Number of protein chains: 4
Amino acid sequence: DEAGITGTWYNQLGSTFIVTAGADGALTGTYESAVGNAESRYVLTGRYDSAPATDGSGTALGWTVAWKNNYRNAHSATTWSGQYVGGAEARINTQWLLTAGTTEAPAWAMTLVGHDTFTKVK
Amino acid sequence: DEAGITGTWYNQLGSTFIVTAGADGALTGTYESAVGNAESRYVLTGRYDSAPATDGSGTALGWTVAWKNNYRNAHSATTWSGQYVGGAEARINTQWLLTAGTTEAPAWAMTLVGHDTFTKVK
Amino acid sequence: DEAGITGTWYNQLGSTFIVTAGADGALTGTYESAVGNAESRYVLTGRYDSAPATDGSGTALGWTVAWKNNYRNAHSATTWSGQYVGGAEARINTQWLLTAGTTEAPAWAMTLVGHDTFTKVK
Amino acid sequence: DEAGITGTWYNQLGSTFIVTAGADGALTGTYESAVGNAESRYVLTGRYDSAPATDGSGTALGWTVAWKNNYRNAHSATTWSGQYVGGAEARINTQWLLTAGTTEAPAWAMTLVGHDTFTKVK
Ligand SMILES: [Ir+4]
Ligand SMILES: [Ir+4]
Ligand SMILES: [Ir+4]
Ligand SMILES: [Ir+4]
Ligand SMILES: [Ir+4]
Ligand SMILES: [Ir+4]
Ligand SMILES: [Ir+4]
Ligand SMILES: [Ir+4]
Ligand SMILES: [Ir+4]
Ligand SMILES: [Ir+4]
Ligand SMILES: [Ir+4]
Ligand SMILES: [Ir+4]
């Protein structure tokens, strides 16, 4: 599972998720969004179930990106929540919440939701 | 903001979120849920906008917990996405996605959503 | 439950949700948002569990508003999903998804999520 | 758009969404889930932007189903929020919130979130 997660993945938008799974449940790496207020790589940190149910279930996981790096600050952060499923078409299936830093009038409209599917090719 | 975030926070359910904000946008610490399939502390990792808009906006952030530690494994992970707002009633306002590792029949029913409000007291 | 739901409710933002619960599980009425691209009343339609579990559980429900009326069109619709809980502090607790009509480039950023609490006073 | 919406649609799970779009922004029809605690048809009610932006944008919409009919009561309701996009591969792209009627201890775990893609074939 650690073997399976670690690597470079791509989502349907052409974004690039580069991750290492530590044996202790850690996720570390970089993210590059093909869309939005973003350019180049951004740090990411997250967690996964390092002793997943052996009954052929997926492995639960999450990570976060703060959309600040040396090129831009989009005053925002995305968390993806989902599962890794192994096999020859390996997948990370996620849903995500993007919160954007705001004042307390438009804070009702503070958070976007979506879904990303990450694969090992394309 | 780093000064303001670092500390112990409590949500409306009586859960305990202990966090350190690194100067580089890192969030590290522990989480203890008062509810669900959980006991004691669990590792957490996340990210925040370390150069937030000075126009009195909140600071965007996220973190993840994999619900595995030495006592239990709930085959699941929660990501909270939201903002920190300073002042004398400081708040972290979040929304969250809990994904539970599953087989590919009930995977439509894989993810819970909610909201947590974290304060410095109670 | 039909007795309890029907009426005028207010959310934390000062919005006004006026609803009739039909005996057949129907919800009909009007909504007026205190925020966003909106003014005056808008039609709403929805559904509730008209034979709720008698074990003191809440009653599940949803409704939709298309943000078009004779004054404005915000090219968008909100659905609230949640439960009605009776008693002397009666509550409808919801989460909501607002989708905004878009082209297929920004469609990743198409849907906002939030939560509203509706009460019988204020 | 009214012409385009009205009809029978299918989602990736094999569910059947039968809808009529009234000229006044109404959505009425039936839903049959291929999954979960459900069988046969259930009433649905919803709303759409009946004067959508002509700039080739999608048309915003929502609907609700209370999972009660003459065969079962699943003490729950789903709202789908999303957009209709016309053309020869017409699509309704949605996200959904399923709330399940509960007591006030597990109410933190009250709402599932997902996404459905509806097409005119299969
Ligand atoms: Ir297990
Ligand atoms: Ir999915
Ligand atoms: Ir999709
Ligand atoms: Ir700024
Ligand atoms: Ir909020
Ligand atoms: Ir709340
Ligand atoms: Ir029942
Ligand atoms: Ir709630
Ligand atoms: Ir709240
Ligand atoms: Ir327009
Ligand atoms: Ir989508
Ligand atoms: Ir999908």
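Residues numbered from 1 in each chain as written, not as in the entry; some residues may be left out. Chains lettered and ligands numbered in written order. Heavy atoms only, no water.

- The deposited coordinates for this entry were obtained by X-ray crystallography, with a reported resolution of 1.91 Å.

- In the nomenclature of the PDB entry, chain A is known as Streptavidin of Streptomyces avidinii.
- Chain A has a UniProt comment under Subunit that states "Homotetramer."
- Among the UniProt annotations of chain A, the heading Sequence similarities holds the following wording: "Belongs to the avidin/streptavidin family." (UniProt positions renumbered as here; feature names shortened; annotations may be inferred.)

## Some thoughts on the relation of the copies chain B and chain A
Copy one and copy two of the chain differ by a rotation about a common axis and a shift along it.
Item 1. For the pair chain B and chain A, the superposition axis carries a translation of 0.0 Å, the fit reaches an RMSD of 0.0 Å, and the rotation angle comes to 180°. Such a turn and shift between the copies fits a two-fold axis.
Item 2. When the interface residues of chain B are mapped onto chain A, 100% of them are again interface residues, pointing to one common binding face. (Least-squares fit on C-alpha atoms. Contact = heavy atoms within 4.5 Å.)

## Some remarks on the relation of the copies chain B and chain C
Item 1. Overlaying chain B with chain C gives an RMSD of 0.0 Å, the required rotation being 180° about an axis along which the chain moves by 0.0 Å.
Item 2. The overlap is high: 100% of the interface residues of chain B also sit at the interface in chain C, so the same surface is used on both sides.

## Points about the pattern of salt bridges
All names here are of chain A.
Item 1. Using the criterion set out here, one finds 8 salt bridges over all chains in the structure.
Item 2. Put simply, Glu-39 and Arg-72 hold a salt bridge, and the shortest N to O gap is 3.1 Å. Taken together, the positions of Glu-39 in the loop between β3 (26-32) and β4 (42-48) and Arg-72 in the loop between β5 (59-68) and β6 (73-85) put the pair 33 residues apart, joining distant regions of the chain.
Item 3. For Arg-72, a relative accessible area of 34% gives the class partly exposed. (Salt bridge = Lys/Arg side-chain N within 4 Å of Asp/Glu carboxyl O. Helix = DSSP H or I, 4+ residues; strand = E, 2+ residues; numbered from the N terminus. Buried < 20%, exposed > 50% of the residue type's maximum accessible area, 1.4 Å probe, protein only.)

## Regarding the UniProt feature "binding site: biotin" in chain A
Item 1. According to UniProt, the "binding site: biotin" feature falls on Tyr31(A), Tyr42(A), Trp80(A), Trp96(A) and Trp108(A). For the annotated residues, spread through 78 residues, the largest C-alpha to C-alpha distance comes to 27.3 Å, inconsistent with a single compact locus.
Item 2. One can find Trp80(A) in strand β6.
Item 3. Classification of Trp80(A) by relative accessible area gives buried; the value is 3%.
Item 4. Non-local contacts of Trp80(A), meaning those with residues more than four positions away in its chain, are made with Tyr31(A), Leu61(A), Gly62(A), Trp63(A), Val65(A), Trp67(A), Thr94(A), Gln95(A), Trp96(A), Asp116(A), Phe118(A) and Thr79(B).
Item 5. Residue placement: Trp108(A) occurs in the loop between β7 (91-100) and β8 (111-119).
Item 6. Using a relative accessible area of 25% as the deciding quantity, one classes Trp108(A) as partly exposed.
Item 7. If near-sequence neighbours (up to four positions away) are discounted, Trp108(A) is found in contact with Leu13(C), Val35(C), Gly36(C), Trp96(C), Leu98(C) and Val113(C).

## Examining the interface of chain B and chain C
Item 1. With 4 residues of chain B in contact, the opposing surface of chain C contributes 4 residues.
Item 2. Across the interface of chain B and chain C, roughly 340 Å² is buried in total on both sides, 47% from carbon and sulfur atoms.
Item 3. The largest share of the area that chain B buries against chain C comes from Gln95(B), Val113(B) and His115(B), three residues that together contribute 95% of it.
Item 4. For the pair chain B and chain C, the number of links is 0 salt bridges.
Item 5. Summed over the shared surface of chain B and chain C, the number is 3 residue pairs in polar contact. (Buried area = accessible area lost by both parts, 1.4 Å probe. Polar contact = N/O pair within 3.5 Å; in protein donor to acceptor, adjacent residues only side chain to side chain.)

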